[PDB]
Amino acid sequence: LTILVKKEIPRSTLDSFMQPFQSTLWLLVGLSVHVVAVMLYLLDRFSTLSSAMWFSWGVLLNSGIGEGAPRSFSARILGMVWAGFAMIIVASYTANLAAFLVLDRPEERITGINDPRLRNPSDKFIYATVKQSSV
Amino acid sequence: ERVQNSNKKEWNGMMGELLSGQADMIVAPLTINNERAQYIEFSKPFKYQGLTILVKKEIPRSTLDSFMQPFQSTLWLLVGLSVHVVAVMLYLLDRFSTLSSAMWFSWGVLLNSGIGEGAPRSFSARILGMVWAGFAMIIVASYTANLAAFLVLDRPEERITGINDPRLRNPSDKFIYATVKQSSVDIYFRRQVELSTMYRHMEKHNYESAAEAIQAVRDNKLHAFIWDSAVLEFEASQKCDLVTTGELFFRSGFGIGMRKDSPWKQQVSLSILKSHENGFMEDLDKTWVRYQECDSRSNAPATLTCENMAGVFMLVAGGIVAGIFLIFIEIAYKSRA
Amino acid sequence: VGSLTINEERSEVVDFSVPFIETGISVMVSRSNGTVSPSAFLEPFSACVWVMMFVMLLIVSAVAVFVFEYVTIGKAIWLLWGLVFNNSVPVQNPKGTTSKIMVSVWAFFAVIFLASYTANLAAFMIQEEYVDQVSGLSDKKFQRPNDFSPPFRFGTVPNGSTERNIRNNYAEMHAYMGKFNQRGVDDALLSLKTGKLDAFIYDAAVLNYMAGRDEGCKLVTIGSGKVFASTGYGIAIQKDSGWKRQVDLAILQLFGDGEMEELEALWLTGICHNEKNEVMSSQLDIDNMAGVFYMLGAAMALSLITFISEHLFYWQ
Amino acid sequence: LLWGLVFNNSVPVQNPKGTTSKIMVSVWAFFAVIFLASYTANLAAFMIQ
C-alpha cells in the first residue's frame, strides 16, 4: 500500500531567470571605475584621460586595452588593489552562482503513515479511499 | 537493595541515612522516582533535564595535512609530453609551407601565459591551438570540479539513531554500556521487560565512578554512557572530543528531598519559585553554565589551515637552484656557441 | 485540569501537583533570512600564508638581478602581482630570461590558489550557519524600542498571568505592550504574518506546537527554543486532600512506564523541527564591499600620504 | 582573437588602430567570465549530483 500525490513544480532553469545579482551596486561601482580612473589621472596630473577610463574598464573586465602602468608607483599600487577588488568581485560572482544552483528545495513530502495531517486531518487534506475496497 | 538477611529492602547509601534521620535533607542531582516518593518528601523540581548518551567525537576528515594533492598520478607528464607533441606537429605544419620557443609557447598556452610567440602563419595550426585552448579550459574546469568533488557533500555517518538502535537492543561484543552503579536508570531498566534485551550486559559492564566512564570512552573501551543531560552537555561543551547524541531519552527533573513532616517545604518550594522570579537560577547559570569551552556541532566544516602549502614553495625553491644551474649551463653554451 | 502556570499567586490560594510537563515562556517571531556573512568570510584564508606569498615576491627578483647582469626591479613587482593575480595588462618582455622558465616554476599559482580559494568560498556558501534572532532580552529591542526607527510594539494576552509576571519583573514593558495586546492567539499569528505585530511573547510549549503545525515555518521562536521563564504544568487540588499524594505517586508511575512519549506522539509529529538549514539568497545586497571600500579609501589616504611625502622630497 | 575572447586568452594578439571594436569588447562583457564560470558551476553541480 502506497499513497500517490502530485509531483512538485520544478524550481528554476533558464526561465524568468536569476540574472546578475546587482540590482544595487551595479552602476555605482561603475561610477567608481570612473572615480579611480580620474584620481589616478590626478596622480599623473601633478608629477591618458579618456583612455584611462576605458583602461580602468578593461582592468575591471580583465581586458588588455592599450594603456600600461602609470609612472607613479602609488597609482600602480592602487591598480593592484583594484585588481584584487575585481578578483574578489568575480570570486563572489562564482560564489553567488554556487548560492543559487544547489543545496535547497522545498521539503513538501509526507513522513509516512504517521503524519498528523492524516491522523488529525484538517480541511486542507482530502483522501479518497475508493468505494468497496479492502482498505 | 533487598538484603538477603531476613528479606530487607533497604535503600542503599546516603538515602538510607536520611531515611534513618542521619540528615534532614539533601542537595544533589536528585532523580525523582516512584519508590523514593513513598518514603521521602519532595519539593518542586529545581532543575529540568533529560537522559542522553555521551560518546566520543569523530576524528575530522581532512584539512591541510597529508594532503589531497593535484589528482594527476596518471595523465600528468603524459599530457605534458602531448604538449611537446602538439608543439612539434604544428612545427611540421610550419615546416613545409620557432622550434624550441614553440615548446615553451605551448607550455604557456597550457598555463594561460603570455610567452613570446603568436599564431602560426597556417590557420589550421591556429585552429588546433584554439581546440587546445578549449582543452586547457576543460582541464581547469575539471580541476575546479575535482576540488568541488572533495571538499563537501560527504562525511562518515557514524551516529546513533536514538534509543531504538538494535546495537543496544540486540547488543554485541563491539558495544559497551556503563550505566553506573546505584543509579535511577538501573531501576528504570529493571522495570522495563523490553530492556531485558541484555540488561545483564549492562550489569557486566557496570561502573562505579562517572569519571571512569568518561575516561573509558576517552580510552575507547566504553562505547556509550547513559546520563542526565545537565552534566553531559556541560562537560562536553567544556572538555572537547566528546559529543552527545542530542536525543532526549527520558524526561526528568531534580527536586530537593526531605524527611517526612518537616513543614518548611511550603516556604522552600516557593523560595525555589522566588529564586526563579528574580532569575537567580539564571545567575547560577551565568556564574557556572555559560562558559562553554568547546566548538559547536556544525562540522561549519568550511575552515582552513594554510600551513601545508609550503610544500609547493619547496618545489619553487628547487626550481630556483635548477634555474641557477641552467644559467651556468647556458653560460657554458654561450662559451661554445 | 486546564493548562495552568505554576506560580506563587496560585499556590497561596490553591494546592499544586507535581508538574507533568516542563514548559516556559519565549517570543515567537516571523523571520526572513538569507546568507549574510561580512567581508571576513576569508577568515579561513589566514593571512599568515599571504605574507608567505610576499617574500616569494622578493627572492626570485634577486635572481632577476643576475638576469639584469646579462627593465628594473621596481617595475617587475606589479608584474609579479598580476602573476599572483589573473593579469591582463601589457607587461615587460625580458630579453635574456631564464625567468620565463621561472614562470613555469610559478606553475600558475593563480590557477592553483584562486581556484582553491573560490572552492572554499563555495564551501562557506554551502555552510554558513546564519541567524537573525535577538536572544538576550536585555538587548535594546526590549529596552530602548524608540532608539531604532521602527517603533517596536509588542502584544500578549491581556487577561494572562504572563503579563502579570512581566509587570512584576522588568518595570514597564507591560505598559510598552499597552499600545496593543492581542486576545486570540491566531489573531496574533496572522498579525505577525501581516507584519503588524513585531514580536509575540507567549508560553513556548504551545508556541513550539503551533510553529511545527504551521506550513511555512519561518514563524519560529527565539534561538533554539530556550525559554527565559521556565515552569511546569500542575493540577489544581482542593487543599488538604489525602488522595493527591496517591495521585502524584501515580504520576511517577506514568513516568515509570514511558507511555507519555506515545501520548506526545499523538500530537508531537508533523513538525518541521529540522531547522539549521540555508535558503537561497537572490540579489543579496550584502554591502560587505563597503568594508572593502573602507580598505579602498584608506589606500586613497595612503596615496595622498605618498603624494605629499614625494612633494617634500621635491623640496629636498 | 575572437576564439580567445570566448576563451581565457593569453597569447599576443592584434592591436587595431581605429578601433571602436575595443568598445565592442566591453559589449562582449567578458563572456568567458560569464559563461565559463556558469559552466564550471554546473560541472560542480554535476559533481555534486
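### Description of the interface of chain D and chain B
Between chain D and chain B, the residue contacts involve 13 residues of the former and 21 residues of the latter. Counting each side, the surface lost to burial between chain D and chain B is near 1,400 Å², with a carbon and sulfur contribution of 74%. Considering only the surface of chain D that becomes buried against chain B, D:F7, D:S10 and D:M47 emerge as the three largest contributors, covering 35% of it. Between chain D and chain B we count 0 salt bridges in total. Our enumeration of links across chain D and chain B arrives at 4 residue pairs in polar contact.

### Thoughts on the packing of helix α5 (residues 123–149) of chain B against helix α5 (residues 109–126) of chain C
The geometry of α5(B) relative to α5(C) is characterised by a closest axis approach of 9 Å and an angle of 45° between their N-to-C directions. Taken together, α5(B) and α5(C) sit at an angle that is classed as oblique. Read as a crossing pair, α5(B) and α5(C) show a hand that is right-handed. When α5(B) is examined against α5(C), the residues B:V140, B:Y143, B:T144 and B:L147 are found in contact with a partner set consisting of C:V111, C:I112, C:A115, C:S116 and C:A119. A breakdown of the residues in the contact of α5(B) with α5(C) according to their chemical character gives 7 nonpolar, 2 polar and no charged.

### Observations concerning the pairing of strand β5 (residues 229–234) of chain C
In this structure, strand β1 (residues 4–5) of chain C lies alongside β5(C), joined through 2 bridges in antiparallel fashion. Paired with C:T5 across the two strands is C:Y233, which belongs to β5(C).

### Points about the interface of chain C and chain B
Contacts between the two partners involve 54 residues from chain C, matched on the other side by 54 residues from chain B. Note on chain C versus chain B: buried area summed over both sides is about 4,600 Å², and carbon and sulfur give 69% of it. For chain C, the biggest contributors to the area lost against chain B are C:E8, C:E22 and C:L252; these three give 13% of the whole. Between C:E22 and B:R251 there is a salt bridge, with its nearest N and O atoms 3.6 Å apart. Between the two partners, chain C and chain B, sit 8 residue pairs in polar contact. Listed by contribution, the elements that provide at least two residues to the side of chain C that touches chain B are α1 (8–11), α2 (50–67), α4 (99–106), α5, β5 and α10 (243–257) of chain C. The element contributing the most residues to the side of chain C that touches chain B is α5(C), with 10 residues.

### Digging into the UniProt feature "intramembrane region" in chain A
Under the present numbering, the feature "intramembrane region" in UniProt falls on residues 49–70 of chain A. Across residues 49–70 of chain A, the secondary structure splits into 55% helix and 0% strand, with the terminal C-alpha atoms separated by 12 Å.

### Structural notes on the arrangement of the chains
Ranked by contact count, the leading pair among the 5 pairs of chains in contact consists of chains B and C. Separating chain A from chain B is a minimum C-alpha gap of 10 Å, and the two share no contact.

### Some thoughts on the UniProt feature "transmembrane region" in chain B
As annotated by UniProt and renumbered to match this structure, "transmembrane region" occupies residues 73–93, 127–143 and 309–329 of chain B. What you have in residues 73–93 of chain B is 81% helix and 0% strand, and the ends, taken at the C-alpha atoms, are 32 Å apart.

### A few points about the pattern of salt bridges
In total, this model carries 24 salt bridges over all chains according to the counting rule given. Between B:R290 and B:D285 there is a salt bridge whose closest N-O contact spans 3.5 Å. Here B:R290 falls in the partly exposed class, since its relative accessible area comes to 37%. For C:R167, the salt bridge identified is with C:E163, shortest N-O distance 2.5 Å. Here C:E163 and C:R167 lie together in helix α6 (residues 161–169), a separation of 4 residues that amounts to about one turn.

### As for the state of the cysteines
All names here are of chain B. Across all of its chains, the model carries 2 disulfides over all chains by this definition. Disulfide pairing places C240 opposite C294 at an S-S distance of 2.0 Å. The sign of the S-S torsion, about -110°, decides the handedness of the disulfide formed by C240 and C294: left-handed. Placement of the pair is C240 in the loop between α10 (229–238) and β7 (242–244) and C294 in the loop between α12 (280–288) and α13 (310–336), with a sequence separation of 54 residues.

### Looking at the packing of helix α11 (residues 265–277) of chain B against α12(B)
All names here are of chain B. Between α11 and α12, whose axes approach to 5 Å, the crossing angle comes to 65°. Between α11 and α12, the interaxial angle falls into the category roughly perpendicular. For the pair formed by α11 and α12, the contact residues are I272, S275 and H276 on the first element and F280, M281 and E282 on the second.

### Some remarks on the packing of aromatic side chains
If you walk through the whole model with that rule in mind, you get 23 aromatic pairs over all chains. Here the aromatic rings of C:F152 and C:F154 are separated by 5.7 Å at their centres, their planes lie at 35°, and the arrangement is tilted. C:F154 sits in the buried class, given a relative accessible area of 5%. An aromatic cluster is defined as three or more aromatic residues linked by ring pairs; in this entry it consists of B:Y188, B:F189, B:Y199 and B:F250. Positioned above the aromatic ring of B:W104, the side-chain terminus of C:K100 is 4.8 Å from the ring centre. Looking at D:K22, its charged tip hangs above the ring of A:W54, at a distance of 4.9 Å from the centre.

What counts as what
Residues numbered from 1 in each chain as written, not as in the entry; some residues may be left out. Chains lettered and ligands numbered in written order. Part of a larger assembly, values for the part shown. Heavy atoms only, no water. Contact = heavy atoms within 4.5 Å. Buried area = accessible area lost by both parts, 1.4 Å probe. Salt bridge = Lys/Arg side-chain N within 4 Å of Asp/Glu carboxyl O. Polar contact = N/O pair within 3.5 Å; in protein donor to acceptor, adjacent residues only side chain to side chain. Axes fitted to C-alpha atoms, helices over the stretch in contact; angles between N-to-C directions. Helix = DSSP H or I, 4+ residues; strand = E, 2+ residues; numbered from the N terminus. Parallel < 35°, antiparallel > 145°, perpendicular 65-115°, else oblique. Left-handed = near helix turned anticlockwise from the far one by under 90°. Nonpolar A, V, L, I, M, F, W, Y, C, P; charged D, E, K, R; others polar. Pairing = 2+ DSSP bridges. UniProt positions renumbered as here; feature names shortened; annotations may be inferred. Buried < 20%, exposed > 50% of the residue type's maximum accessible area, 1.4 Å probe, protein only. Disulfide = S-S within 2.5 Å. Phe/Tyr/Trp six-rings, centres within 6.5 Å; stacked < 30°, edge-to-face > 60°. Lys NZ or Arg CZ within 6 Å of the ring centre and 35° of its normal.

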